[PDB]
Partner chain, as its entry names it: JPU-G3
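In the block that follows, a single chain appears as structure tokens, in the form deposited without the partner chain.
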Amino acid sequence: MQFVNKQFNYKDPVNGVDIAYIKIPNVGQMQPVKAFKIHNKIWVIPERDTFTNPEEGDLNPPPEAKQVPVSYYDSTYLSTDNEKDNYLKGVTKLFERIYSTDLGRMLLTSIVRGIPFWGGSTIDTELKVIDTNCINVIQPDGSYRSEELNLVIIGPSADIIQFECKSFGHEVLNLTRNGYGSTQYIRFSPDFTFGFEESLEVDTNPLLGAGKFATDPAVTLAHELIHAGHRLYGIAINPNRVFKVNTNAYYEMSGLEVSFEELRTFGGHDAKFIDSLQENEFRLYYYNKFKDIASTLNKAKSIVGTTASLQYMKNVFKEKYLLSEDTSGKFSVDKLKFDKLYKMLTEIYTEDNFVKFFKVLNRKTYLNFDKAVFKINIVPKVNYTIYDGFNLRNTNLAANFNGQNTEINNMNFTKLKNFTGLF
């Protein structure tokens, strides 16, 4: 089976269904951009993100006031039709690489089922969608139609290497932290990757290493998808909750703090830096939020719109949050099933676990220091494949992660900027 059933070309004609010009609602005035629906509830926009934030409507570098040492700027990237064509084929290839593993098939399944909650109504008895969880699709007659969706993969903004999740908020609800969920816009590029060091002492030192080994972009995309899974189920930890690193002398010499959301997303040894009493506080919180979702679904006898029934809409949220249906017809939250789903989204879907499935070399911890950024081209099968990534089987790159070795497989990587020593 395949996740993306159509090998899209960027120059394919629009059809108003899965190849169409779309608009982002409630952003500011924008021109419709060509988008591609690679899967149910998942779209891809091969353009630089100058929309989701009215602040960053400029691809040129800002005045170095809030600028990061780990940054890279190129206003011309992803501006030609050939670039957008390779971007679409690159993102397509990475989704199939993730889907080729059991862990990736489970994560992508949970993302599709993670429909943002229909809690937009100010009247308790009526269920209504939240407007900022859809896009406007131009139909073959020039008219717009709204279509719900969970995920959007879009190009980066001014800083090319800052892959960030972006979602539209609410002045009444924290949709990413109240269990509701929201449509997630992921800034990502398959044409760049980062270099890391193979020894833990060198990788976690800010003064050593040039980035001998390159990160598999499938791991990078999965890492962002894990964040999107947390936000689509509304169980993301507030970024204010941080772990002030005491395990790295260079971190505390500058007072660097890392959010619990990042430590949870990486998994492995990093996840246990979140102490057990605070993790219990988080789980009880999201458990309560799930019951109010069960309560508002119980106090709902109506629905707004003619695109779905109330029984279907009550059903899809029962499948999403794994609620229990009693004999009276009202939903409840089983603690055993909540702990089951919460652990799947937080402990099973981790970067460290995806490394084990991909059989790749990767950073051992989120508490390291970036080394370099490379330009890559994963679309040609002679460079990168679904089942092997860079470590192509039956070649000299198969063993010892030789494909990720930028000194052995030098023709596949072009170093653009060094980060070592600039801290």
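Positions refer to the first chain, counted from 1. Only residues modelled in both forms are compared. Just so we're on the same page, rigid core means the largest C-alpha set that superposes within 1.5 Å between forms.
One more form of this protein exists, namely the form solved in complex with the partner chain; it is left out here, but the text below deals with it.
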Site test, 125, 330 and 332 vs the partner chain in the bound PDB entry, non-hydrogen atom cutoff 4.5 Å: no
4.5 Å heavy atom contact, residue 302 and the partner chain in the bound PDB entry: no
Residue 166, heavy atom within 4.5 angstroms of the partner chain in the bound PDB entry: yes
Partner contact for residue 326 in the bound PDB entry: the partner chain, 4.5 angstroms, heavy atom: no
Proximity of residue 78 to the partner chain in the bound PDB entry, heavy atoms at 4.5 Å: no
Residues of 143 to 180 having any heavy atom within 4.5 Å of the partner chain in the bound PDB entry, listed in sequence order: 166, 167, 168, 169, 170, 171, 172, 173, 174, 175, 176, 177
Entry of 311, 82, 306, 240 that shows, once the rigid core is matched between this form and the one not shown, a C-alpha shift of 2 Å or more: 306
Rigid core superposed: residue 382 CA moves 2 Å or more between this form and the one not shown: no
Exceeds or equals 2 Å, Cα of residue 53 between this form and the one not shown, core fit: no
In the bound PDB entry, shift in Cα separation for residue 195 relative to residue 65, 3 Å or more: closer
Consecutive stretches, 3 or more residues long, displaced between this form and the one not shown (C-alpha shift of at least 2 Å once the core is aligned): 62 to 67, 305 to 307
